[PDB]
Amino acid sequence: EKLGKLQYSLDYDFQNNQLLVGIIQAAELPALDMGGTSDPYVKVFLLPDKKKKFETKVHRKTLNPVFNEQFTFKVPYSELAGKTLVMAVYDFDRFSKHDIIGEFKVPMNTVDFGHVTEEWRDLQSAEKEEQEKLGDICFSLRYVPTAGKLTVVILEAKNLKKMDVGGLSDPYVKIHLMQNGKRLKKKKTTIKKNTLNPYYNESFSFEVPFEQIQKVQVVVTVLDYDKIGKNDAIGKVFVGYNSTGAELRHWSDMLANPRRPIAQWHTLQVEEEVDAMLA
């Protein structure tokens, strides 16, 4: 099955005890018949912990993307056995999908370290990818340059994780406007009870002058409401400064289409790893 090639680099840096993964480029990706081209990007992670995933920038309308991106996994050399590098090429669109054009796995036991690995390898078929299920959140972003008004509409969520024993969840979403690690504003949606697919369609606005929009970050977190007890977050995602892949594309599209609300689905990630990226 012809799915194209991926050029990558692999190297263990004994100095800083970290694995270096390079996503150079992909070639000959399958040509769509329902679209024409693809908006490819690569997710990079190490099994068995599909918690931490990295993403390349999403490339527009192409079957031969050149990424030139580097990623890092802090792992002690003596803990490499049992781990597998996964490089999945996704086809972007504003949906929850997970359209895996193809992928390439590299079991650490097949790698000759102490020498730099850099090569092309054919992409293999794959429908589902090892993923931690927390659900998807859907929201729209709209920015009016002149007025300096940022509008975030929390539309809906689906397949949320079950936070209530012998039940579902009581999901609510809160937004955090941030700038340089500093919390500028907070917002919270109403609470929906007993559901994994809440529908909100609640709009919120912020005042972000054009001279700042380029430095802020909008953090969206979905949590479960618990009357008697702590409200545990089920997952989060953020867009704006330093965001990557799909999140960066969402933010960019917003800036490219002033005055228009761009809606898009995002895959929720574990609160801990998203916080490290906002760090």
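The first residue of the sequence shown is number 1, and the count goes up from there.
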item: Of 171-179 and 70-78, the stretch whose C-alpha atoms average the higher B-factor in the entry; value: 171-179
item: Between 249-257 and 233-241 (mean CA B-factor, as deposited), the higher; value: 233-241
item: Out of 57, 43, 61, 51, residue topping the C-alpha B-factor column of the entry; value: 51
item: Residue selected from 152, 163, 108, 137 by maximal Cα B factor; value: 163
item: Residue 129 by Cα B-factor - lowest, middle or highest third of the modelled chain; value: highest
item: Chain-relative CA temperature factor third for residue 191; value: highest
item: CA B-factor placement of residue 213, once the chain's modelled residues are sorted into thirds; value: middle
item: Residue 184 - Cα temperature factor, lowest/middle/highest third of chain; value: highest
item: Relative C-alpha B-factor of residue 27, binned into the chain's lowest, middle or highest third; value: lowest
